[PDB]
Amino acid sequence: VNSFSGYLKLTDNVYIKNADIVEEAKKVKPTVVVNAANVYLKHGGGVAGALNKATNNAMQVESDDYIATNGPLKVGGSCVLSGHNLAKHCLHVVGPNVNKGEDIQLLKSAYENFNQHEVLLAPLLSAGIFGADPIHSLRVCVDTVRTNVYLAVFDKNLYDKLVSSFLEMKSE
């Protein structure tokens, strides 16, 4: 498990790779794969749909059951559910939907959830359907997460831009 390979080390604990998170999970067999969720755990586009489809919809059914008994998450909150065939666990984390005006500062709260796990395979929260700047999401990740986070960025152009922008933010 957790056999990550081919990552660029950004900081002592943050790593990045140009890869699809679903194919990484199959290769790596992680203890925790992170889902970029919404508060009702209705898995639409982006990472949530890809993960769910790879579980043959098991993750959506499990999520419906979780909501029925526990109610919705808060923005910036999380829950641990099964990883099914992709990982031991899936950490469903709700970043702010800044397309809908939600507080971008809640992205720190979202990434703080990573600190409850030794090692995680993760995407950049809020940077897709939720419309946050991917560079900003990476900055919050680097400044917030103290545990080992392996980030999967599937788009090669975005990967290159993120590395490049990281170098500027780091050299000040």
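A residue's number is simply how far along the shown sequence it sits, counting from 1.
Per the PDB record, of the two stretches 98-106 and 73-81, 98-106 carries the greater mean B-factor over its C-alpha atoms.
In this entry, the residue among 68, 59, 34, 47 with the greatest C-alpha B factor is 68. When the C-alpha B-factors of 121, 125, 51, 145 are ranked from the entry, the top spot goes to 145. Split the chain's modelled residues into thirds by C-alpha temperature factor. Residue 43 is in the middle one.
When the modelled residues of the chain are ordered by their C-alpha B factor, residue 117 lands in the lowest third. Looking at the C-alpha B-factors along this chain, the one for residue 18 belongs to the lowest third.
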